[PDB]
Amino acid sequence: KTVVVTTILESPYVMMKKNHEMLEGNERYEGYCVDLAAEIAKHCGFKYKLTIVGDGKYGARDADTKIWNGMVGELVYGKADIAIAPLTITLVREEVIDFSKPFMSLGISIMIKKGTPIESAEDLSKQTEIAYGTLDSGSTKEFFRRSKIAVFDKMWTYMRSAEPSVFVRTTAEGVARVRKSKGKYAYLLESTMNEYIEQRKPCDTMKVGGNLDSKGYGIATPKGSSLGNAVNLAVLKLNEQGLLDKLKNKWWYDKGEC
């Protein structure tokens, strides 16, 4: 009965509340997806338990074992009933799990330490002094791996064989790398996160250029789940009521530090 929700510790979607060490269950967390989960459960009429994904990954199919990891894996193998996180709707994923219509729109973007002489993806691909990478096991990495667009294919061929590795395990690692590399590392991540980080101290990073593509985040459920329909309608209702815009303003700018 209690719906098992798989999510990921990614600010400001899901974060440990200040006094979390002495809190239990859902009360240990806070964030945009924590609020969204509450709204969805309310509209769909179910109780739930937020559970952080074991491997801390979004979801990718291992070319080798052919096994799915991350939150996608938790759904595919029946460990969770639903995923409420900034999970990107993609073709390979839609083939194994279901997604509600988007609750947020975004696109891949470039994050630089302020002052870095880079304005676009093309700029990056035409130089080698500044390294650049992306997150492991995510849609952004897969985007570059599959891209047939000249500039992106060129960037991928570079990234895939760069040393030391330009790929990071978590968004926090990528942000730290941009911040500590004196402008010698640029990070590729989704726009809304780029935007969120530009609002965090020490306010030394920024988004450059336009988005490389246009996609959306969706609430995912196992293929053919009984929750699919109700969740989808709930997301549409919440968006039309303006709750999603409200949630965005709350966690991004009302709590901004720059």
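Counting begins at 1, following the sequence as shown.
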Stretch exceeding the other in mean C-alpha B-factor - 224-232, 35-43: 224-232
Mean C-alpha B-factor comparison - 136-144 and 83-91, higher one: 136-144
Maximum C-alpha temperature factor, selected from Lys182, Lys114, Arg177, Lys101: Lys182
Member of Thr170, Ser120, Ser105, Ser109 with the greatest C-alpha B factor (per the PDB record): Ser120
Chain thirds of CA B-factor: placement of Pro12: lowest
CA B-factor ranking of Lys66, expressed as a third of its chain: highest
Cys258 - Cα temperature factor, lowest/middle/highest third of chain: highest
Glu195 - which third its CA temperature factor falls in, relative to the rest of the chain: lowest
Cα B factor band for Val208 (lowest, middle or highest third within the chain): highest
